[PDB]
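# Structural overview for review
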There are 2 protein chains.
Amino acid sequence: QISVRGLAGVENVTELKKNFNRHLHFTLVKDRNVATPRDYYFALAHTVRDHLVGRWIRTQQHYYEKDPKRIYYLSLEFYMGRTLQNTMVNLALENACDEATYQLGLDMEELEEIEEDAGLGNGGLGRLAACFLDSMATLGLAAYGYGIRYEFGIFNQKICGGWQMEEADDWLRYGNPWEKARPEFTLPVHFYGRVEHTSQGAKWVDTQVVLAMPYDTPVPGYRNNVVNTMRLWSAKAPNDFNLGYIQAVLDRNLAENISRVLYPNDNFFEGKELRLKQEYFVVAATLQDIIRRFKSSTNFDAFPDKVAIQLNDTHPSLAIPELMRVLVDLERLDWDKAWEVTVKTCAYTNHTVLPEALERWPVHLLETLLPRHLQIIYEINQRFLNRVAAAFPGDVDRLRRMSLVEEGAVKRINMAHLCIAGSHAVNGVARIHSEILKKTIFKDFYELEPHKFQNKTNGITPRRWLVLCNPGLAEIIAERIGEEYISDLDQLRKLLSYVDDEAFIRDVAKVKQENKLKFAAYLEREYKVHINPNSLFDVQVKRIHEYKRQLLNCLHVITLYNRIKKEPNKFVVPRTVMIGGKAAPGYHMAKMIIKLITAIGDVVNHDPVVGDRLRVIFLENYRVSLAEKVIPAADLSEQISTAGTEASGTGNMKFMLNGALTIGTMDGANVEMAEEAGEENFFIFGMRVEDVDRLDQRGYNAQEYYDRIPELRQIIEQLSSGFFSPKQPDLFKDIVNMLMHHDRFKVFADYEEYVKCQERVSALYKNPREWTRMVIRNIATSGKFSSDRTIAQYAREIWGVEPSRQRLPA
Amino acid sequence: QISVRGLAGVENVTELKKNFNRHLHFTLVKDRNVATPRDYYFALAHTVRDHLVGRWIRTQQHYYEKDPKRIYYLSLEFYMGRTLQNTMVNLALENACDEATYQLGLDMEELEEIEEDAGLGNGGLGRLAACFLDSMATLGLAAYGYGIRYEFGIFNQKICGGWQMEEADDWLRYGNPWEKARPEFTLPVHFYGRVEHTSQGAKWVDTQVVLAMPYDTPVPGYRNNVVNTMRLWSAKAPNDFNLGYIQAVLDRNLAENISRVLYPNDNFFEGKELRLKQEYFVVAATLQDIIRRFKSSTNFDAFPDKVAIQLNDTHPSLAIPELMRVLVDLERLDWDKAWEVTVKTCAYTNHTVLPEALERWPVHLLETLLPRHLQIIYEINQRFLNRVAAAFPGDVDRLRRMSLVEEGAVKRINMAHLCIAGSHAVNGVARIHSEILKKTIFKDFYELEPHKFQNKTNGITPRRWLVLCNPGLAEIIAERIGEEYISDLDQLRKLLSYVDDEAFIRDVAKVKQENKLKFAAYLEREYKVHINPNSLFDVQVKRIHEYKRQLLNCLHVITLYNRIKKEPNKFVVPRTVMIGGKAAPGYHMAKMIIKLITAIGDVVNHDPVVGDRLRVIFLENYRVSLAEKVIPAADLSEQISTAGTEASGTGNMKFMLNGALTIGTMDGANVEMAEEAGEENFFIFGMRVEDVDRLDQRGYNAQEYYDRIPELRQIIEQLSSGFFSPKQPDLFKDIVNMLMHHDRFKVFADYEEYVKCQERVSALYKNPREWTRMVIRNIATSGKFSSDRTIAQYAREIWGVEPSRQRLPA
Ligand SMILES: O=C(O)C(=O)N[C@@H]1O[C@H](CO)[C@@H](O)[C@H](O)[C@H]1O
Ligand SMILES: O=C(O)C(=O)N[C@@H]1O[C@H](CO)[C@@H](O)[C@H](O)[C@H]1O
Ligand SMILES: *Cc1c(COP(=O)(O)O)cnc(C)c1O
Ligand SMILES: *Cc1c(COP(=O)(O)O)cnc(C)c1O
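Residues numbered from 1 in each chain as written, not as in the entry; some residues may be left out. Chains lettered and ligands numbered in written order. Heavy atoms only, no water.

### Considerations on the domain arrangement of chain A
Interface extent is often summarised as the accessible area lost during association of the parts. All names here are of chain A. According to the domain assignment, chain A contains domain 1 (1–459 + 787–810) and domain 2 (460–786). For domain 1 versus domain 2, the distance between C-alpha centres works out to 31 Å. Each partner contributes to the interface: domain 1 provides 60 residues, whereas domain 2 provides 59 residues. Both faces considered, domain 1 and domain 2 share a buried interface measuring about 4,900 Å² in area, 52% of it formed by carbon and sulfur atoms. Among the residues domain 1 hides against domain 2, the three largest losses belong to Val4, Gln157 and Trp163. Together they make up 13% of the total. Put simply, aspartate 788 and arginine 463 hold a salt bridge, and the shortest N to O gap is 2.8 Å. Counting across the domain 1 and domain 2 interface gives 36 residue pairs in polar contact. (Domains from an automatic or database assignment. Contact = heavy atoms within 4.5 Å. Buried area = accessible area lost by both parts, 1.4 Å probe. Salt bridge = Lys/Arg side-chain N within 4 Å of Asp/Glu carboxyl O. Polar contact = N/O pair within 3.5 Å; in protein donor to acceptor, adjacent residues only side chain to side chain.)

See the structure below:
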């Protein structure tokens, strides 16, 4: 139908149909009379999958022959989403499959909606890993994503009585056609035990063993015939395990629980033993695999030349002492040599500065679970501090501040300090975040080793976040500048010469309108809920957290409602405010915020006087697949975290690439986005990081804002009196109390400027032509935010490898 | 190579090779450079599997169109063994696959050894179900095997220090290419809850729900293009289950444990709650499936005309009250009508008379787990006893003897009584067993309803137990009488006219010698253990149990050893005594018997004076696949259970069909086997059932035999003094104490006649020609023991359906 979806050749379409019927028959064991839409989805998935295998096998054979430096991206999260459409896009099979299924009397879009999201992530951090895998494959890097194959990913969110309810994400229920179990490469992982010091070296003995079974999933590059691998480990109990008989067999569950479920926390550290087991499990199995592959290429001096390990935050930080353990205890290398290798091999990426998110494991936990690693960590700390003492003689406080071991109630190991000490590179994920790291939390480390600190601003893949979710926009763009931008997003700047092009302006606006109509329809289809497609789509989708300030958005919504009620017959730009996102199960305040949003909707959406001028909808079960639907339909992107809290943000980039304007604070990547597009094409408001610090030095007193702002006072009084919760008048007391007495994120401080800024947004929306022209200026300068650019920087500046856009023979 | 393995056509072999390479590439994602023997096995399994699907789909479509009466065989055990070779045999693809793999440079036999046994059974009972499925498909019956898909089947047995060690049978580790998950047909199963009595009818509410997910495995008939289904249920927790968050997800294990492991008991009842859950789980899911299928064909009067449910022992006995529950509580039929339907639909097969094997569930268990079913059982009992009271007025003891409810310490429900009351047919599995049922344990029931009692002598499938495991024998037989006997075993009688044929005599003996050489080689390959192929192969393989009397065999072995030591230079027919079988993990005496056997081997196998004249080997991990190897190599079959204890036995039939002579008691099917072949061609010895009863009335005193038999006394003294356990002199005290003071199976009573009979066996073995002629007389009359004959009788006399040997168009 459209050009960027490839050719629908005669032979290819015929071949696809035959293979589709072949799988339906031989693979699913069904015939057209009893086949269901799900059967058809699988028939198509297997058919598309077949096209991947050939490239997958030769890509891997290729790396074996050429033996390039391997990149290992370790993460406990890979937020992949669906795989069918992404695979067709990267293999240029979309139109062909669309035609083939059409001729078979099937609607491919309907079939795509059947696939379960691979939700092995919580949010930004896990999605980043997914975008990175796509970019690494597209840039021809010999990269491997290593993680855990959770039986249950992020929970499915149900809203009941306005409250969030969690239910198990049994994503493997119907099977996963994309993965390939590789039981032949199963590896043992050790836990507990004790350390024995013999004549030559220490030995970790009397351990409990859990097997790590790998499952491989193909990661196709964009039209370059490269197919990399994402290897996820699954926990398996050994067969002699616990070997009454029946109970012993049933207790195998204990060991296999390690890969059972993803911890649902976003930017929050929960020091549970099970989580520590998952972290070591992925690290231990992965490192053995890495070393095995290295040996089949004794000379560990060249290890750093053939291996790069990227730690996605501190979750896989045990890779440092585990690598030391293997080199020292098993390979028998001297400490200093092993340490040299480890440092040159490992690199660490920090994704947050919030104190509650930093991993600080109790020593008693490591002591019992990983006795040898604790000893290695102490030795690392001893040697590191000796270096600090030599560089800053007499500075005893620096010593205690930089120690990997924190003293106090219970001794803990600061995993971030461990990562900096054992990595040759440490990076932040946005310019402002990386600067904050050097000026605050990692200042001491930066002064000791300035060369280690870098910045690698985040990005998103333009394949999934443009071509796949917004084909209409990708098409009108391709019509003017070709398709080269899909793997070279910087080319979007050429669109600047069309900012005054009446035809283009009209097409950009038309695509957005179509996306909104499609989404407005979807809302009634799967959720029965009416909305006005002509209104401004104001959306804030991301995990629910106090720092992201969904509450500030709520205050604005209530302000709009109160203004309408005050002057009913006054004209106001119609808005549909959409807020979505999951709250961690144990995060009470976050759950209360969700309830508040639905409560506001209950009042606003049924007030006759408001009419279709204002609607407040809470988007249930926000996930990757839902993001692909709502982002292309958005007009306004809410990125309003308190300055200095959102390390980077990536949703912000997705909105910018898809034609939405941004209202936000100078936080994370928002700063660079505004810099790229020009501040006059961005809706910036609120305190800058410096203003927040000034307020903290002086002391934040929310009461002051409450006393000086009548509209704000009115909102708080409405919340307190039960205006939004008639049957339960004090339902939101916790929220009001927090806002008034212990709001770490200064919601009130940015309220006035936020509301004012929102007024300017509505003013511009009233002028369709100028709004669209500003949109074009944003889309045109979003090129820097492609993860291809991010990965190219990691490749050259950290891993020491050159990216390549060379096609492999298919 | 040989004729009964089909044709190796040019086009077919070429097609097989291509498809083999296709699966290796697309399905396993490997190429000839990294493929392992296991990869090749799977490539072949998928290739053969492809040939099944077409027939599987049309067979099922066929039953839908013609709508014949459906046969549902409910069993908690299906001891299937391997599936690859069996599938090739039934599809006439063996030679073609042999050639195709040959041309690909692969040894098919080597690949077949890679497949894991589907050990979802303990022994005879589970294997019978497997043979039955094969026969039902071969006879064109619309039959379905329904059971549980245990994650872990019968444990793998390891022998350490002469002791049995158990290890989990993780048979699904590498995947199962034969099954097809059918998540779309998942059904809910209820547990616990309580009963509510409303205006119209009772309601079972507040129940805990477990989902039953079916996995279908194809069951091919022998060359008739019929492919039936074996549907096994897997337990799955609902997603709202238990819905801290993490713990709730982990606790899903509780519900899914239902299908985790097979209880490893043979002829022994263990009243554990988990076992009861498994029993109801299979019954509840199966009945819903049955009714669903029936409705898609309101008129339950015709239910018995379209449905037959066969209960494999009492394990699935809850089908009776469950069917009543559904008809009365859900369909709203009046009791009497529902009962009429239930009785005409259900039939029960008893497999044992041992008291410790009978299922007697504590009322408190049913009360808590299945409250509605207990009420239904009480009502059934009330009405049944009213019938008994009317037929035998004033006979109050009969009432208490026949009650489904047993009074005493704890009230229990006699499931066997429940089955007889709710079934229109009750059968034993061998003529003598069925007679014992009418004369003893079920005498009262037989007097009340004589018409219900029948006999259906067991059988074994000649496909797996002849053509598959002994192609050499199948070939020489086919050479003389054709291939028709494979699905009409009675034709083997034609071999009687070859009993004097010198050529045939020579071939029969040659095949046996080849099988022995092959097995003798296997023993050194996988177990490193030397044996003499020229010796008489004396084997007893079956589950270890006191009633099977492996101990009597041990006494004979020790007797042989003592006789040799007494007169070293006297000639004796060389023997290799092989004993194998698993012991239930909690069956202490059985485990002690295994230790005794290995202990005897330790002494006998290393005594220089004995030389290669006597060897005692314990066959480790006896399973279906091992049975296929050792049975064709056997000369003497040990079937020595105490008269009246082995209901039928089936291993006995396998040995007879494969050219081994039988030494045994007049127990189970041994009686009919001797009757068929002629007593002069069988080695019968010991007490008959009547002799056992006489001994019991008089009182069994083992001391008497010990005092009158010097050789026996010597053996007991050797055991007691530590002759077979130097380091642990009293190691076998429990065994001696049991034999001397509480031997329920009168081992000593049959010792003298057994040893005497064994002497006649050795005498005949010394005359190769006459031994073989007797073998021919056995093989020639083994036709009655084909499970095709057994199933044909079940079909006509119980299910009311006619078997058919008509091919379906392929
Ligand atoms: O640490 C977390 O839980 C987490 O999701 N951190 C997230 O990582 C993303 C990728 O770098 C950043 O863009 C987000 O600003 C940060 O909060
Ligand atoms: O009940 C058991 O555990 C069991 O295996 N019973 C077995 O069933 C077989 C099939 O009918 C019979 O041939 C055996 O004699 C009987 O012990
Ligand atoms: C991109 C994405 C995120 C991250 O969004 P931010 O607004 O940067 O926090 C979270 N969840 C999903 C499903 C995403 O697609
Ligand atoms: C046939 C068979 C049995 C039953 O043997 P019996 O001697 O009748 O008890 C038990 N186990 C296996 C593996 C079998 O093949």
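### Quick notes on the interface of chain A and chain B
Contacts between the two partners involve 48 residues from chain A and, on the opposite side, 48 residues from chain B. Summed over both sides, the interface of chain A with chain B buries roughly 4,300 Å², with 62% coming from carbon and sulfur. At the surface where chain A touches chain B, the tally comes to four salt bridges. Salt-bridge contacts for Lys30(B) lead to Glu184(A); the nearest nitrogen and oxygen are separated by 3.1 Å. For the side of chain A that touches chain B, the secondary-structure elements that each account for two or more residues are α1 (10–27), α2 (37–66), β6 (163–167), α7 (245–250) and α8 (252–256) of chain A. The dominant element in the side of chain A that touches chain B, judged by the number of residues it contributes, is α2(A), at eight residues. Of the residues assigned to the side of chain A that touches chain B, the class counts are 24 nonpolar, eight polar and 16 charged. (Helix = DSSP H or I, 4+ residues; strand = E, 2+ residues; numbered from the N terminus. Nonpolar A, V, L, I, M, F, W, Y, C, P; charged D, E, K, R; others polar.)

### With respect to the relation of the copies chain A and chain B
Once chain A has been moved 0.0 Å along the axis and rotated by 180°, it coincides with chain B to within an RMSD of 0.0 Å. The superposition of one copy onto the other is thereby described by a two-fold rotation axis. Every residue of chain A has its C-alpha some distance from the rotation axis, and the shortest such distance is that of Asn253(A), at 3.6 Å. Interface overlap between copies is the fraction of interface residues in one copy that are interface residues in the other; for chain A against chain B it reaches 100%, indicating a shared surface. (Least-squares fit on C-alpha atoms.)

### Here we look at the environment of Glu11(A)
All names here are of chain A. Summarising the element assignment, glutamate 11 is placed in helix α1. Of the residues examined, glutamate 11 reaches a relative accessible area of 70% and is grouped as exposed. Counting along the chain gives 85 residues from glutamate 11 to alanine 96, while the straight-line C-alpha distance between them is 9.8 Å. (Buried < 20%, exposed > 50% of the residue type's maximum accessible area, 1.4 Å probe, protein only.)

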